[PDB]
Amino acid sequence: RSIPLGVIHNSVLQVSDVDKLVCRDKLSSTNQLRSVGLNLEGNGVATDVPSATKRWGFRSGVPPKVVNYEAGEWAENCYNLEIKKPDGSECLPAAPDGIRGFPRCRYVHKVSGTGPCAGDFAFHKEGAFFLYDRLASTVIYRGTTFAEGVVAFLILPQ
């Protein structure tokens, strides 16, 4: 029931927390705290949209959640989805105010069409996040470029 906090010296990455942070460990400014978004792509992670959707699914009853992150990495593949329900209305919610596309994509799978939309929101089946511009959401937003990813919290040196 506690979010891990990474502590780095020169290159010592020890997964600690304040449930350990030795009385010699120095946190002198809040500027030393950073959150980072890392991408989930590479070998064994399919890139084409038909294979990619297998990692996501529609679900109702679960409210979407957002968390900020301050830095991330260049993504080789990003996604940008637009989906009409069978009756023609919109399947994905509009991007909330201040949520912009993931800012550094080599390539964007930007696609549009219609589908069954069997739920209120599209989630990540592996429990990862959809990374947008320094905001990570549990959910896919309409016409908005994302990378798949996860977040870590760090203490940086002075």
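All residue numbers are counted from 1 along the displayed sequence.
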**OP:** State which stretch shows the higher mean Cα B factor in the entry: 33 to 41 or 102 to 110.
**Re:** 33 to 41
Original post:
Taking only the CA atoms, which stretch has the higher mean B-factor in the record, 24 to 32 or 123 to 131?
Top reply: 24 to 32
Original post:
Going by what the PDB entry lists, where does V150 fall on CA B-factor within its chain: lowest, middle or highest third?
Top reply: middle
**OP:** Quick one: classify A46 as lowest, middle or highest third of the chain based on its Cα B-factor.
**Re:** middle
